[PDB]
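> Sharing work09.txt below, compact mmCIF, C-alpha atoms:
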```
# COMPACT_ATOMS: atom_id res chain seq x y z
CA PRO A 2 10.36 -5.25 7.49
CA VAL A 3 7.62 -2.64 6.99
CA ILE A 4 4.67 -2.42 9.42
CA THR A 5 1.92 -0.20 7.92
CA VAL A 6 -0.95 0.87 10.19
CA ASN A 7 -4.01 2.39 8.43
CA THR A 8 -6.39 3.75 11.10
CA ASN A 9 -9.17 6.34 11.33
CA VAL A 10 -8.08 6.86 14.98
CA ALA A 11 -6.82 10.47 15.25
CA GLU A 12 -3.04 11.02 15.79
CA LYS A 13 -3.84 13.02 18.99
CA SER A 14 -5.46 9.81 20.48
CA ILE A 15 -2.31 7.67 19.86
CA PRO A 16 0.57 7.48 22.37
CA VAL A 17 3.69 9.31 21.11
CA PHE A 18 5.70 6.04 21.67
CA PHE A 19 3.29 3.88 19.58
CA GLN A 20 5.62 3.48 16.53
CA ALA A 21 8.68 2.86 18.82
CA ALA A 22 6.69 0.24 20.81
CA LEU A 23 5.46 -1.47 17.60
CA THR A 24 9.04 -1.35 16.20
CA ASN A 25 10.33 -3.13 19.35
CA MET A 26 7.49 -5.68 19.44
CA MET A 27 7.89 -6.59 15.74
CA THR A 28 11.74 -6.65 15.92
CA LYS A 29 11.33 -9.35 18.63
CA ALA A 30 8.46 -11.16 16.83
CA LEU A 31 10.14 -11.27 13.38
CA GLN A 32 13.75 -11.60 14.77
CA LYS A 33 14.70 -8.76 12.42
CA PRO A 34 17.17 -6.00 13.25
CA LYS A 35 15.52 -2.77 14.38
CA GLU A 36 17.78 -0.87 11.87
CA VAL A 37 15.63 -2.09 8.90
CA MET A 38 12.23 -2.05 10.73
CA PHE A 39 9.86 0.63 9.35
CA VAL A 40 6.57 1.64 10.96
CA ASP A 41 4.43 3.72 8.60
CA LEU A 42 1.51 5.06 10.70
CA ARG A 43 -1.44 6.47 8.72
CA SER A 44 -3.55 7.95 11.54
CA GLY A 45 -6.69 10.04 10.95
CA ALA A 46 -6.85 8.14 7.64
CA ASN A 47 -10.05 8.26 5.59
CA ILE A 48 -10.57 4.51 6.08
CA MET A 49 -14.03 3.13 6.81
CA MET A 50 -14.89 -0.47 7.66
CA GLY A 51 -18.35 -2.07 7.26
CA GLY A 52 -19.62 1.24 5.80
CA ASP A 53 -19.11 3.00 9.15
CA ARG A 54 -16.51 5.25 10.75
CA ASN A 55 -16.20 3.55 14.15
CA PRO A 56 -12.50 3.10 15.02
CA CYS A 57 -10.82 0.49 12.84
CA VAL A 58 -7.35 -0.67 11.77
CA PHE A 59 -6.11 -2.30 8.58
CA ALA A 60 -2.42 -3.10 9.10
CA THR A 61 0.17 -4.85 6.92
CA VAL A 62 3.43 -6.62 7.78
CA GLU A 63 5.88 -6.81 4.83
CA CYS A 64 8.80 -9.11 5.70
CA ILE A 65 11.53 -11.14 4.00
CA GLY A 66 11.01 -14.59 5.57
CA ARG A 67 9.54 -15.14 9.08
CA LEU A 68 5.84 -15.21 7.97
CA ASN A 69 3.93 -18.50 8.26
CA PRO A 70 0.43 -19.40 9.56
CA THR A 71 1.69 -20.23 13.10
CA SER A 72 3.81 -17.04 13.49
CA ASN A 73 1.13 -14.94 11.69
CA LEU A 74 -1.60 -15.89 14.22
CA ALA A 75 0.72 -15.24 17.25
CA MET A 76 1.88 -11.87 15.84
CA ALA A 77 -1.70 -10.90 14.81
CA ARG A 78 -2.95 -11.45 18.42
CA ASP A 79 0.06 -9.48 19.84
CA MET A 80 -0.51 -6.64 17.31
CA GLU A 81 -4.27 -6.64 18.04
CA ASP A 82 -3.46 -6.39 21.77
CA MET A 83 -1.19 -3.34 21.12
CA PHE A 84 -3.87 -1.73 18.87
CA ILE A 85 -6.60 -2.41 21.50
CA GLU A 86 -4.41 -0.96 24.31
CA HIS A 87 -2.96 2.05 22.43
CA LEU A 88 -5.59 2.92 19.73
CA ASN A 89 -8.70 1.85 21.74
CA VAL A 90 -9.93 -0.12 18.68
CA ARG A 91 -12.07 -3.23 19.28
CA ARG A 92 -10.53 -6.57 18.23
CA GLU A 93 -13.46 -7.05 15.75
CA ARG A 94 -12.40 -3.78 13.97
CA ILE A 95 -8.82 -5.01 13.25
CA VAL A 96 -7.56 -6.80 10.13
CA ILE A 97 -3.86 -7.54 9.54
CA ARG A 98 -2.32 -8.80 6.28
CA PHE A 99 1.05 -10.59 6.37
CA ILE A 100 2.97 -9.99 3.09
CA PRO A 101 5.99 -12.20 2.25
CA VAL A 102 8.67 -10.25 0.33
CA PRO A 103 11.28 -12.05 -1.80
CA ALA A 104 14.92 -11.30 -0.82
CA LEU A 105 15.89 -10.52 -4.48
CA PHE A 106 12.79 -8.26 -4.88
CA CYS A 107 13.81 -5.87 -2.10
CA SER A 108 16.82 -3.53 -1.92
CA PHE A 109 18.48 -2.06 1.16
CA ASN A 110 21.52 0.23 1.09
CA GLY A 111 22.56 -0.35 -2.55
CA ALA A 112 22.07 -4.14 -2.68
CA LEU A 113 19.33 -6.76 -2.73
CA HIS A 114 18.98 -9.05 0.32
CA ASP A 115 21.47 -11.98 0.44
CA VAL A 116 19.68 -15.07 1.91
CA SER A 117 20.91 -18.65 1.29
CA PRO B 2 -11.59 -7.01 1.71
CA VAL B 3 -9.74 -3.67 1.37
CA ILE B 4 -10.46 -1.19 -1.45
CA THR B 5 -7.73 1.49 -1.58
CA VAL B 6 -8.36 4.49 -3.85
CA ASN B 7 -5.32 6.72 -4.60
CA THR B 8 -6.52 9.83 -6.49
CA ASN B 9 -5.31 13.39 -7.10
CA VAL B 10 -9.01 14.43 -7.16
CA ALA B 11 -9.55 16.74 -4.14
CA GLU B 12 -11.72 15.49 -1.21
CA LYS B 13 -14.02 18.54 -1.65
CA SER B 14 -14.82 17.32 -5.26
CA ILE B 15 -15.84 13.79 -4.12
CA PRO B 16 -19.43 12.93 -3.17
CA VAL B 17 -19.74 12.35 0.59
CA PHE B 18 -21.34 8.89 -0.08
CA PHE B 19 -18.50 7.71 -2.42
CA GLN B 20 -16.89 5.34 0.15
CA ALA B 21 -20.37 4.03 1.25
CA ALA B 22 -21.35 3.46 -2.41
CA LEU B 23 -18.04 1.70 -3.17
CA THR B 24 -18.44 -0.38 0.04
CA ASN B 25 -21.93 -1.51 -1.07
CA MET B 26 -20.94 -2.15 -4.70
CA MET B 27 -17.81 -4.18 -3.82
CA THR B 28 -19.59 -6.08 -0.96
CA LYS B 29 -22.08 -7.32 -3.60
CA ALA B 30 -19.35 -7.93 -6.24
CA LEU B 31 -16.97 -9.85 -3.90
CA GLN B 32 -19.82 -11.60 -1.94
CA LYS B 33 -18.02 -10.85 1.35
CA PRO B 34 -19.59 -9.64 4.62
CA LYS B 35 -19.94 -5.84 4.52
CA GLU B 36 -18.59 -5.71 8.12
CA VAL B 37 -15.02 -6.63 6.92
CA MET B 38 -15.07 -4.32 3.83
CA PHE B 39 -12.62 -1.41 4.19
CA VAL B 40 -12.50 1.55 1.81
CA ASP B 41 -9.32 3.60 2.31
CA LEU B 42 -9.69 6.82 0.27
CA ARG B 43 -6.50 8.79 -0.40
CA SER B 44 -7.93 11.92 -2.04
CA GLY B 45 -5.85 14.99 -2.94
CA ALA B 46 -2.96 12.51 -3.15
CA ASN B 47 0.31 13.60 -4.80
CA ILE B 48 -0.12 11.00 -7.55
CA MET B 49 0.80 11.83 -11.13
CA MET B 50 0.18 9.62 -14.16
CA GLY B 51 1.92 9.93 -17.55
CA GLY B 52 4.02 12.78 -16.11
CA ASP B 53 0.95 15.03 -15.74
CA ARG B 54 -1.50 16.02 -13.01
CA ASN B 55 -4.79 15.56 -14.89
CA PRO B 56 -7.25 13.62 -12.70
CA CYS B 57 -6.22 9.99 -12.25
CA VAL B 58 -6.88 6.97 -10.00
CA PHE B 59 -4.75 4.03 -8.96
CA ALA B 60 -6.93 1.70 -6.89
CA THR B 61 -6.27 -1.69 -5.27
CA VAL B 62 -8.65 -4.49 -4.27
CA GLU B 63 -7.27 -6.83 -1.57
CA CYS B 64 -9.48 -9.91 -1.10
CA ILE B 65 -9.24 -13.47 0.25
CA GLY B 66 -10.53 -15.52 -2.74
CA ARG B 67 -13.01 -14.07 -5.31
CA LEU B 68 -10.30 -12.57 -7.62
CA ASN B 69 -9.90 -14.15 -11.07
CA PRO B 70 -9.60 -12.71 -14.60
CA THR B 71 -13.39 -12.83 -15.27
CA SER B 72 -14.41 -11.24 -11.91
CA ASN B 73 -11.44 -8.78 -12.09
CA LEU B 74 -12.58 -7.39 -15.47
CA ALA B 75 -16.27 -7.09 -14.37
CA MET B 76 -15.30 -5.37 -11.09
CA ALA B 77 -12.75 -3.12 -12.86
CA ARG B 78 -15.46 -1.87 -15.32
CA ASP B 79 -17.95 -1.30 -12.42
CA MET B 80 -15.26 0.51 -10.33
CA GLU B 81 -14.23 2.60 -13.39
CA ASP B 82 -17.90 3.56 -13.93
CA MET B 83 -18.20 4.70 -10.27
CA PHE B 84 -14.83 6.59 -10.46
CA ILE B 85 -15.91 8.29 -13.73
CA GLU B 86 -19.27 9.34 -12.17
CA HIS B 87 -17.97 10.36 -8.70
CA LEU B 88 -14.37 11.56 -9.36
CA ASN B 89 -14.85 12.86 -12.96
CA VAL B 90 -11.76 10.85 -13.97
CA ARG B 91 -11.57 9.60 -17.57
CA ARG B 92 -11.56 5.80 -18.01
CA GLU B 93 -8.07 6.12 -19.62
CA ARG B 94 -6.78 7.67 -16.33
CA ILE B 95 -7.79 4.66 -14.14
CA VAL B 96 -5.66 1.64 -13.21
CA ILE B 97 -6.87 -1.00 -10.69
CA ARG B 98 -4.74 -3.81 -9.20
CA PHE B 99 -6.47 -6.92 -7.82
CA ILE B 100 -4.45 -8.42 -4.91
CA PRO B 101 -5.21 -11.99 -3.78
CA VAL B 102 -4.69 -12.43 -0.02
CA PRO B 103 -4.03 -15.88 1.49
CA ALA B 104 -6.54 -16.87 4.24
CA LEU B 105 -3.70 -17.86 6.66
CA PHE B 106 -1.85 -14.55 5.96
CA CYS B 107 -4.73 -12.34 7.13
CA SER B 108 -6.21 -11.95 10.63
CA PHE B 109 -9.60 -10.63 11.67
CA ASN B 110 -10.83 -10.43 15.27
CA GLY B 111 -8.13 -12.61 16.90
CA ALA B 112 -8.02 -15.39 14.30
CA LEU B 113 -6.79 -16.08 10.80
CA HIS B 114 -9.33 -16.86 8.06
CA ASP B 115 -10.76 -20.31 7.18
CA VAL B 116 -9.96 -21.13 3.50
CA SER B 117 -13.30 -23.08 3.26
CA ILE B 118 -15.42 -20.10 4.55
CA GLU B 119 -13.52 -17.62 2.28
CA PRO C 2 3.51 0.74 -13.49
CA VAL C 3 3.18 2.45 -10.09
CA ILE C 4 6.18 3.92 -8.24
CA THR C 5 5.15 4.68 -4.64
CA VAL C 6 7.58 6.70 -2.51
CA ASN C 7 6.87 6.73 1.26
CA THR C 8 9.19 9.29 2.88
CA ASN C 9 9.30 11.39 6.04
CA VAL C 10 11.07 14.09 3.91
CA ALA C 11 8.79 17.18 3.72
CA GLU C 12 7.13 18.06 0.36
CA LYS C 13 8.65 21.57 0.50
CA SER C 14 12.18 19.96 0.53
CA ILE C 15 11.58 17.99 -2.72
CA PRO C 16 12.44 19.45 -6.13
CA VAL C 17 9.33 20.37 -8.17
CA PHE C 18 10.62 18.14 -11.06
CA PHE C 19 11.17 15.06 -8.82
CA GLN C 20 8.05 13.06 -9.80
CA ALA C 21 8.48 14.03 -13.52
CA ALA C 22 12.16 12.96 -13.40
CA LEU C 23 11.32 9.66 -11.63
CA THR C 24 8.49 9.09 -14.19
CA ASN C 25 10.98 9.57 -17.08
CA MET C 26 13.73 7.46 -15.45
CA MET C 27 11.38 4.53 -14.63
CA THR C 28 9.61 4.74 -18.07
CA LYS C 29 13.05 4.14 -19.64
CA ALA C 30 14.12 1.53 -17.02
CA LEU C 31 10.88 -0.54 -17.21
CA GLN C 32 10.30 0.07 -20.99
CA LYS C 33 6.60 0.74 -20.29
CA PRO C 34 4.42 3.46 -21.86
CA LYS C 35 4.83 6.77 -20.00
CA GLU C 36 0.98 7.17 -20.21
CA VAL C 37 0.45 4.42 -17.56
CA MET C 38 3.41 5.36 -15.29
CA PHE C 39 2.22 6.62 -11.89
CA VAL C 40 4.44 8.21 -9.26
CA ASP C 41 2.56 8.40 -5.94
CA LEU C 42 4.74 10.55 -3.64
CA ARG C 43 3.84 10.31 0.05
CA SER C 44 6.03 13.05 1.48
CA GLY C 45 5.93 14.19 5.12
CA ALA C 46 4.63 10.67 5.83
CA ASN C 47 4.71 9.42 9.44
CA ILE C 48 7.19 6.66 8.56
CA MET C 49 9.96 5.80 11.00
CA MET C 50 12.85 3.42 10.37
CA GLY C 51 15.14 1.82 12.99
CA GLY C 52 13.02 3.42 15.74
CA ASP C 53 14.11 6.93 14.69
CA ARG C 54 12.87 9.77 12.47
CA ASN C 55 16.05 10.45 10.46
CA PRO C 56 15.17 10.82 6.76
CA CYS C 57 14.14 7.49 5.24
CA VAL C 58 12.37 6.09 2.19
CA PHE C 59 10.35 2.95 1.70
CA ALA C 60 9.46 2.80 -2.00
CA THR C 61 7.57 0.24 -4.08
CA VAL C 62 7.64 -0.53 -7.80
CA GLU C 63 4.48 -2.31 -9.03
CA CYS C 64 4.97 -3.56 -12.60
CA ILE C 65 3.53 -6.16 -14.97
CA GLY C 66 6.68 -8.04 -16.10
CA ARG C 67 10.14 -6.36 -16.18
CA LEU C 68 11.07 -7.21 -12.53
CA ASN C 69 13.89 -9.73 -11.94
CA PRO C 70 16.96 -9.76 -9.66
CA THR C 71 19.26 -8.13 -12.30
CA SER C 72 16.79 -5.34 -13.30
CA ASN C 73 15.70 -4.89 -9.63
CA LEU C 74 19.29 -4.16 -8.48
CA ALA C 75 19.98 -1.73 -11.40
CA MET C 76 16.68 0.12 -10.83
CA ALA C 77 17.18 0.09 -7.02
CA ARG C 78 20.62 1.78 -7.37
CA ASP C 79 19.20 4.38 -9.86
CA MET C 80 16.18 5.08 -7.60
CA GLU C 81 18.47 5.26 -4.52
CA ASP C 82 20.66 7.77 -6.44
CA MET C 83 17.58 9.94 -7.19
CA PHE C 84 16.43 9.71 -3.53
CA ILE C 85 19.94 10.54 -2.25
CA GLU C 86 20.33 13.48 -4.65
CA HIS C 87 16.81 14.96 -4.45
CA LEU C 88 15.39 13.86 -1.04
CA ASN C 89 18.77 14.02 0.81
CA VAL C 90 18.15 10.50 2.26
CA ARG C 91 21.23 8.31 2.95
CA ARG C 92 21.50 5.06 0.94
CA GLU C 93 21.41 3.08 4.26
CA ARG C 94 17.93 4.64 4.95
CA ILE C 95 16.36 3.40 1.66
CA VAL C 96 14.43 0.18 1.11
CA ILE C 97 12.68 -0.55 -2.20
CA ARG C 98 10.26 -3.44 -2.78
CA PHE C 99 9.71 -4.67 -6.36
CA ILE C 100 6.15 -6.03 -6.73
CA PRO C 101 5.35 -8.20 -9.78
CA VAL C 102 1.73 -7.66 -10.86
CA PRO C 103 -0.09 -10.29 -12.95
CA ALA C 104 -1.44 -8.91 -16.28
CA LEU C 105 -4.94 -10.35 -15.58
CA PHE C 106 -4.94 -8.83 -12.04
CA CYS C 107 -4.58 -5.24 -13.27
CA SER C 108 -6.99 -3.09 -15.34
CA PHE C 109 -6.35 0.01 -17.43
CA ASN C 110 -9.01 1.89 -19.43
CA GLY C 111 -11.78 -0.76 -19.32
CA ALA C 112 -9.60 -3.86 -19.95
CA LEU C 113 -7.10 -6.11 -18.22
CA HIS C 114 -3.53 -6.17 -19.55
CA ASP C 115 -2.17 -8.27 -22.38
CA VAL C 116 -0.55 -11.52 -21.00
```
Now that the file is in, can you turn its structure into C-alpha cells?


Amino acid sequence: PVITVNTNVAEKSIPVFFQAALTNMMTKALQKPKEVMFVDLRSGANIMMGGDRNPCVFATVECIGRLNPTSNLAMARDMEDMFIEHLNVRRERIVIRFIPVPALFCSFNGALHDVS
Amino acid sequence: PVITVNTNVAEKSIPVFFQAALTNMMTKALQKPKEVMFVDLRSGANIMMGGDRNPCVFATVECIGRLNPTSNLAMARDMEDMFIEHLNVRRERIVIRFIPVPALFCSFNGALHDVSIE
Amino acid sequence: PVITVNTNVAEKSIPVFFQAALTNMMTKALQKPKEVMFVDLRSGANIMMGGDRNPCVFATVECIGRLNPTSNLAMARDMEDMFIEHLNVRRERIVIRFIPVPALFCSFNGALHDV
C-alpha cells in the first residue's frame, strides 16, 4: 500500500517516528505486510485548505483490496487520531481519500500482484 | 475537493494570490464549500513535458460528484486561462486530469461523506 | 501521459538524461505523442518503504488507454530496469501503479481527449 500525507505542518513539528508509526498502524489496519507499505510524507507542503494556511492534512491510502466503507471510516478515524496527536492538526482540517488499486495494475518486484 | 498543480514554473514567478484565486474559482465552479477546498501547489517541480523544460502544468481536480465531460471542459478552460495569466504557461503546455472521488472513500472531520449532500 | 517517480534517491545521484530517457522509452511503450508525455521526478522525496529508508521507488503511469495486464507487466519490467540501472534501487524496492484515465476526464490545450 501507499500512504501519502500532504500537510503544511513543518517537518520540524513532526515526530521523527511519525512515518514508522503510520506504517505500523496501517500494516495492522490493512493486514498488509510492512515490506510493501510506503509512507510518502510531504511536510511543509504548499497546501492550503479553505483559502487559509492553518494546519491541514490531505492524505491518501492506495491499497490493493481491503478498502470498503466500513474499514474506510474506522481507518479514517484512527489516521485522524494519529494526525491530531502527532501533527497537531484539528479533525476538521483533515481529509483522507481511500484509493482502490487493481492487482493487475500494480507491479512489485518484477511482477504484477497475483490475487485469486 | 483537492486541486493539485504540478508546474516547473518557479514559486518566485507565481502571484502570491494564485492559490487563493484558484480556491475561489474552483469553489464556485464545483459548488462545494470553500472550507474543504485544498490547493496543493508544487511549483519549481522537476516536471518535464515533451522531453523539454519549457514551462508546463499537469494539474488534477479531485472531487466528490460534480465531474462530467461538460463541467470538465468548462473548468479545464477556466483553469487554463488562470494558469496562462498567472504561470505564463502556454495553453498547449497544460494538461488537467479530473478525478471522481466516491463519497464513502473520502473522510472529512471524523466521518465519510453523504452521497445525497455531495 | 504522466509518469510520476516518487523516490528517496537524491537528485544529484540521478543521471541528467534520466527523465529524457524515460520520456523516450514510455513514448514508444505507450505509443502516445511525445509532446504530451510528462515525467514528474520527485527525487529526495520523504518516502519510506517497509519502515526503512533504503532506496525505493513508488511510480505511477497515468494514461488514456494503453494500460492492460500484458502491457502493464512489460512496461513495469522496463521501468524497473531503468530505475535499477539509473537510480540504483533494487527491483524488490519498486512498486508501479498503472492509472487508466478517461479521455473525457483529461484536458490538453483547451479540449478534452478524443474517446

> What are the closest atom pairs, with distances in Å to one decimal, for all residues of region 17-49 of chain A lying within 10 Å of region 9-32 of chain B? Consider all atoms listed in the file, order rows by chain and residue number, and present the result as JSON lines.


```
{"residue": "A:47", "atom": "CA", "partner": "B:20", "partner_atom": "CA", "distance": 9.2}
{"residue": "A:48", "atom": "CA", "partner": "B:20", "partner_atom": "CA", "distance": 8.7}
{"residue": "A:49", "atom": "CA", "partner": "B:20", "partner_atom": "CA", "distance": 7.6}
```

> Near chain B, meaning an atom within 12 Å, which residues of chain A appear when counting all atoms listed in the file? Write them as number ranges by chain.

A: 6-9, 43-64, 67-82, 84-85, 90-101

> What would the file look like if the residues just selected were written as a short mmCIF file (atom, residue, chain, number, x, y, z; two decimals), in the coordinates of the input with C-alpha atoms?


```cif
data_model
loop_
_atom_site.label_atom_id
_atom_site.label_comp_id
_atom_site.auth_asym_id
_atom_site.auth_seq_id
_atom_site.Cartn_x
_atom_site.Cartn_y
_atom_site.Cartn_z
CA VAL A 6 -0.95 0.87 10.19
CA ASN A 7 -4.01 2.39 8.43
CA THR A 8 -6.39 3.75 11.10
CA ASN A 9 -9.17 6.34 11.33
CA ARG A 43 -1.44 6.47 8.72
CA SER A 44 -3.55 7.95 11.54
CA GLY A 45 -6.69 10.04 10.95
CA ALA A 46 -6.85 8.14 7.64
CA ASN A 47 -10.05 8.26 5.59
CA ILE A 48 -10.57 4.51 6.08
CA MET A 49 -14.03 3.13 6.81
CA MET A 50 -14.89 -0.47 7.66
CA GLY A 51 -18.35 -2.07 7.26
CA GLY A 52 -19.62 1.24 5.80
CA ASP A 53 -19.11 3.00 9.15
CA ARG A 54 -16.51 5.25 10.75
CA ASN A 55 -16.20 3.55 14.15
CA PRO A 56 -12.50 3.10 15.02
CA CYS A 57 -10.82 0.49 12.84
CA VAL A 58 -7.35 -0.67 11.77
CA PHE A 59 -6.11 -2.30 8.58
CA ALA A 60 -2.42 -3.10 9.10
CA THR A 61 0.17 -4.85 6.92
CA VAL A 62 3.43 -6.62 7.78
CA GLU A 63 5.88 -6.81 4.83
CA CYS A 64 8.80 -9.11 5.70
CA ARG A 67 9.54 -15.14 9.08
CA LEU A 68 5.84 -15.21 7.97
CA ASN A 69 3.93 -18.50 8.26
CA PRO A 70 0.43 -19.40 9.56
CA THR A 71 1.69 -20.23 13.10
CA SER A 72 3.81 -17.04 13.49
CA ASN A 73 1.13 -14.94 11.69
CA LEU A 74 -1.60 -15.89 14.22
CA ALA A 75 0.72 -15.24 17.25
CA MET A 76 1.88 -11.87 15.84
CA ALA A 77 -1.70 -10.90 14.81
CA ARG A 78 -2.95 -11.45 18.42
CA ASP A 79 0.06 -9.48 19.84
CA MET A 80 -0.51 -6.64 17.31
CA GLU A 81 -4.27 -6.64 18.04
CA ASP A 82 -3.46 -6.39 21.77
CA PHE A 84 -3.87 -1.73 18.87
CA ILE A 85 -6.60 -2.41 21.50
CA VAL A 90 -9.93 -0.12 18.68
CA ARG A 91 -12.07 -3.23 19.28
CA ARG A 92 -10.53 -6.57 18.23
CA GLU A 93 -13.46 -7.05 15.75
CA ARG A 94 -12.40 -3.78 13.97
CA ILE A 95 -8.82 -5.01 13.25
CA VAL A 96 -7.56 -6.80 10.13
CA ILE A 97 -3.86 -7.54 9.54
CA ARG A 98 -2.32 -8.80 6.28
CA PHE A 99 1.05 -10.59 6.37
CA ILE A 100 2.97 -9.99 3.09
CA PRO A 101 5.99 -12.20 2.25
#
```

> Would you kindly report the residues of chain B within 9 Å of chain C, using only C-alpha atoms, as number ranges by chain?

B: 7, 46-53, 59, 61, 68-71, 73-74, 77-78, 81, 91-101

> For each of A:19, A:10, A:107, A:114, take the minimum atom-to-atom distance to chain C, counting all atoms listed in the file, then give the residue where this is smallest.

A:107

> Which residues of chain C are close to chain A, meaning at most 10 Å apart when you count only C-alpha atoms, and how do they look as a PyMOL selection string?

chain C and resi 7-9+46-53+57-62+68-82+91-101

> Please compute the CA of residue 66 (chain A)-CA of residue 116 (chain A) distance, one decimal, in Å.

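Taking CA of residue 66 (chain A) and CA of residue 116 (chain A), their separation equals 9.4 Å.
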
> Draw an axis-aligned box tight on the listed atoms of region 32-45 of chain B, then pad every side by 5 Å and write out centre and edge lengths in Å to one decimal as AutoDock Vina command-line options.


```
--center_x -12.9 --center_y 1.7 --center_z 2.6 --size_x 24.1 --size_y 36.6 --size_z 21.1
```

> Quote the spacing between CA of residue 117 (chain B) and CA of residue 65 (chain B) in Å to one decimal place.

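Distance between the two atoms: 10.9 Å.
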